[PDB]
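**Q** Below are the structure tokens for one structure; questions will follow.
There are 2 protein chains.
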Amino acid sequence: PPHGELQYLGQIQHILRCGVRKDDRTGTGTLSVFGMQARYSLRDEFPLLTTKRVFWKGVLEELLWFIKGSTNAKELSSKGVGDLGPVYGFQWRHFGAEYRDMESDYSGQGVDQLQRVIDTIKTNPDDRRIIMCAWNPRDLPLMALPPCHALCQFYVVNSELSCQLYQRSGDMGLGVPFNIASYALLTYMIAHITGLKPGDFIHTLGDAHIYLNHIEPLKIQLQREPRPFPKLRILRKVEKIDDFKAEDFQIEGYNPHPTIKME
Amino acid sequence: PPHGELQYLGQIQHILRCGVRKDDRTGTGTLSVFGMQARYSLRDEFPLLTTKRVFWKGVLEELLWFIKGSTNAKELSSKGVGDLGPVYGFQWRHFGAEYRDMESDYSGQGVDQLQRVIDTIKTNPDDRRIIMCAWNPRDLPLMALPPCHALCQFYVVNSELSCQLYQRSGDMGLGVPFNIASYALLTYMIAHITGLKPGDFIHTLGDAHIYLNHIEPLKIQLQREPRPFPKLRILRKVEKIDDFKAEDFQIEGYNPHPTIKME
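Pasting the structure below:
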């Protein structure tokens, strides 16, 4: 019954082996392959990478911050890792909305994709349209109607909530393991408040790339041998998604390999 | 050097074998799997399925119609297979635009994603944002800011244009082979007018489904043995994408298996 982390790893080797040098926005070098996909069970397990230690706390507090729907950087650097622009959280909860500061009442503003997604699951779980999208701030002023950076399609069958994430770009060494843990968490959350059981998380990349300064660390991480994934426990019963707080989650069974810094 | 059609086929067997019954909008039955991906070379070949005959003409004339950016059904039923709503073509060329009839001058209106995509390739081919999106008409009146049905991310490296298509849903027996041929064509077109060489086409599905009334025909199509893919020739040199017409394309090397009707 093979390991899903064996996917991520394999993706790495491929981008290393058959990957092709490509320059990013900043003219920084990368090894790039176009179009990938990985499937990760959420059934009795949780995709917190083992081949290296993943900042689980920052993943949690970061998510909740998105769900709190905020634009306030200090509301995070004191919960783990002064106006911020409308990063994902603000989109998730009010896209279409006129963006003042971090402080004002946008209560009842724009479209609340995230509530909408939840709702749609309860109302019509066969729906092929349960989709949040998420922009890069850089893009907002840059042009009319810029393209999402990411989008999840959620999906439900036999009482099992699944989520597929599509990123136009994937930082494989630094970003990817994180998002895997994030959208896997998100899912778990939604599954929970909709009385559903977590299913698969599918991870689709456009440009999957590695930064040249990551190759070495990653070559070493490859030689590592994934311990079995942990589990994720919720310990209160929670009805509204804004009610979740960090207390509600226990990770259990997480013995990673040591941290691997990638700059 | 294996066949790409062997992918589509394999996807079929899986949805049959491990697929799970799910009800579509109309409460019609389907066998559904969530999250798939296939890669198809466009290098010296073209993904016109062989295990059955594909309506190549209708694929052509349909595309061109999109690119002509129209809302006029009769502009197609007399070129192959009275107002139509703003189907993909109109989005591709003017999303954001106020939609009158089929007849008016929307010249210079909304955002022309398709031109924009071309342009971005010439201006900044390392860009992670070369993305058109495409809506289902059904969805437009149905709610504020409905989710795309599809989106391509285009991508370029080593003088090779690639395209990945993401559909939230995939009709596997009827729709999928068609889109494969369509976005593969589109690509070829753009590659051509940007002095680029066609690369891969990646096909990502959310809900991949089969209609119960297709199972039998498909079970039979599985038993078939893919002949090698054809090629696609352009025979004029064309600079603007609105200049392409059906004359410009020869398919060569297409001996399919017989047509398979699926209702």
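Going line by line, the protein sequences match chains A and A'. A prime marks a further copy of an entry chain. For reference, each letter of the first sequence is one residue, going 26 to 106, 129 to 310 in PDB author numbering. For reference, each letter of the second sequence is one residue, going 26 to 106, 129 to 310 in PDB author numbering. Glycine residues also receive a C-beta, built at the ideal position from the N, C-alpha and C atoms.
Since A':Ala144 contacts A':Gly157 with CB under 8 angstroms, what's their CB separation in whole angstroms?
**A** Right, the Cβ-Cβ distance comes to about 3 angstroms (below 8 angstroms), so this counts as a contact.
**Q** Can you tell me whether A:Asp254 is helix, strand or coil according to DSSP?
**A** Correct three-state label for A:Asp254: strand.
**Q** Below 7 angstroms on C-beta distance, what does A':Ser216 contact in chain A?
**A** Here the neighbours are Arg175.
**Q** Rounded to whole angstroms, what is the Cα-Cα separation between residue 127 of chain A and A:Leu208?
**A** Position 106 is followed directly by 129 in chain A, which means residue 127 of chain A is not present among the coordinates.
**Q** For the segment 143-204 of chain A', list the alpha helix (DSSP H) runs that are entirely contained and at least 4 residues long, ordered along the chain.
**A** The qualifying runs are 160-170.
**Q** Using 8 angstroms for Cβ pairs, my map puts A:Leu101 next to A:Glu86. What's the rounded Cβ distance?
**A** Contact flag correct, Cβ pair sits at about 6 angstroms.
**Q** Are the C-beta of A:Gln211 and some C-beta of chain A' separated by less than 9 angstroms?
**A** Yes, A:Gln211 lies at the interface with chain A' (some Cβ there is under 9 angstroms from its Cβ).
**Q** Which residues of chain A' have a Cβ atom closer than 7 angstroms to the Cβ of A:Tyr202, listed in chain order?
**A** Neighbours of A:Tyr202 on chain A', chain order: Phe59, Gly253, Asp254.
**Q** Using a threshold of 9 angstroms, state whether the C-beta atoms of A':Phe291 and A':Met236 are closer than that.
**A** Yes. Within cutoff.
**Q** Counting pairs of Cβ atoms below 8 angstroms between the segment 297-310 of chain A' and the segment 233-252 of chain A', do you hit three or more?
**A** Taking 8 angstroms as the limit for Cβ pairs, the verdict is that the segment 233-252 of chain A' does not touch the segment 297-310 of chain A'.
**Q** Could you check the C-alpha separation between A:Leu73 and A:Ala191 for me, to the nearest Å?
**A** A:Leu73 and A:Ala191: Cα-Cα distance of roughly 37 angstroms.
**Q** Determine the burial state of A':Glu30: buried for a count of at least 16 other Cβ atoms within 10 Å of its Cβ, exposed for fewer.
**A** That one is buried.
**Q** In the DSSP output, what is A':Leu279 paired with across the bridge?
**A** A':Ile298, per the DSSP bridge assignment.
**Q** Quick one: which chain A residues come within Cβ less than 9 angstroms of A':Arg42?
**A** By Cβ distance, chain A contributes nothing, its closest Cβ being about 16 angstroms from A':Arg42, past 9 angstroms.
**Q** Looking at the structure shown, is A':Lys47 part of a helix, part of a strand, or coil, going by DSSP?
**A** Note: A':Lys47 maps to strand in three-state DSSP.
**Q** Name the residue from A':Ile178, A':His304, A':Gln214, A':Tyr135 whose alpha carbon lies nearest to the alpha carbon of A':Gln62.
**A** That would be A':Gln214, whose Cα lies nearest to the Cα of A':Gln62.
**Q** Does any residue of chain A have a CB that is nearer than 9 angstroms to the CB of A':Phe225?
**A** Cβ-Cβ to chain A under 9 angstroms: no for A':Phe225.
**Q** Taking Cβ to Cβ, would you say A:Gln138 is nearer than 9 angstroms to A:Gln160?
**A** Their beta carbons are under 9 angstroms apart, which means A:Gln138 touches A:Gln160 by this criterion.
**Q** In whole angstroms, give me the CA-to-CA distance for A':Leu233 and A':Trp90.
**A** When rounded, the distance between both Cα atoms is 12 angstroms.
**Q** Compare the Cα-Cα distances from A':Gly52 to each of A:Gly35, A:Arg175, A:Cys199 and report the closest residue.
**A** The option with the nearest alpha carbon to A':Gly52 is A:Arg175.
**Q** Which residues in the same chain have their Cβ closer than 8 angstroms to the Cβ of A:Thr167, if we skip the five residues on either side of it in sequence?
**A** For A:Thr167, where only same-chain residues beyond five positions count, the Cβ hits under 8 angstroms are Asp174, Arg176, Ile177.
**Q** Go ahead and label A':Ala197 buried or exposed: buried means 16 or more other beta carbons lie within 10 angstroms of its beta carbon, across all protein chains shown.
**A** It is buried - the Cβ of A':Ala197 has at least 16 other Cβ atoms within 10 Å.
**Q** Can you give me the C-alpha to C-alpha distance between A':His39 and A':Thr241, rounded to a whole angstrom?
**A** Taking the straight line joining both Cα atoms gives about 38 angstroms.
**Q** Look up A':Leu208 in the DSSP assignment and say whether it is helix, strand or coil.
**A** Three-state result, A':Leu208: strand.
**Q** From the beta carbon of A:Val158, is the nearest beta carbon of chain A' less than 9 angstroms away?
**A** Chain A', which has a Cβ nearer than 9 angstroms to the Cβ of A:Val158, makes this yes.
**Q** Look at the Cβ atom of A:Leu221, then the Cβ atom of A:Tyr258, and state whether they are nearer than 9 angstroms.
**A** Cβ atoms of A:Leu221 and A:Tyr258: closer than 9 angstroms.
**Q** So if I threshold CB-CB distances at 7 angstroms, which residues from the segment 51-76 of chain A' count as touching chain A?
**A** Result list: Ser57, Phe59, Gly60, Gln62, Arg64.
**Q** Answer yes or no: do A:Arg64 and A:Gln32 have a C-beta to C-beta separation smaller than 9 angstroms?
**A** A contact, by the Cβ cut-off of 9 angstroms.
**Q** Excluding the 5 residues flanking A:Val45 on each side, which residues of the same chain have their C-beta closer than 8 angstroms to its C-beta?
**A** Same-chain partners within the cutoff: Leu56, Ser57, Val58.
**Q** One question on the structure: do A':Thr96 and A':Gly136 come within less than 9 angstroms of each other, judged by their Cβ atoms?
**A** Yes, these two residues count as a Cβ contact at 9 angstroms.
**Q** Going straight from the alpha carbon of A':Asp69 to that of A':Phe276, what length do you get?
**A** Spanning the two alpha carbons is a distance of roughly 9 angstroms.
**Q** Residues of chain A' with CB closer than 9 angstroms to the CB of A:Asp48, please, in chain order.
**A** Those within 9 angstroms of A:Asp48 in chain A' are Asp173.
**Q** In whole angstroms, give me the CA-to-CA distance for A':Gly60 and A':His28.
**A** Their backbone Cα atoms lie some 21 angstroms apart in a straight line.
**Q** Suppose the cutoff is 7 angstroms on Cβ atoms and the five residues either side in sequence are ignored; what does the same chain contact list for A:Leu34 look like?
**A** For A:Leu34, where only same-chain residues beyond five positions count, the Cβ hits under 7 angstroms are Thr76, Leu269.
**Q** Select from A:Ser206, A:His304, A:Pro172 the residue whose C-alpha is nearest the C-alpha of A:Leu243.
**A** The option with the nearest alpha carbon to A:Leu243 is A:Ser206.
**Q** Would you say A:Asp247 reaches chain A', if we count a Cβ-Cβ gap shorter than 9 angstroms as a contact?
**A** Answer yes: the Cβ-Cβ gap between A:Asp247 and chain A' drops below 9 angstroms somewhere.
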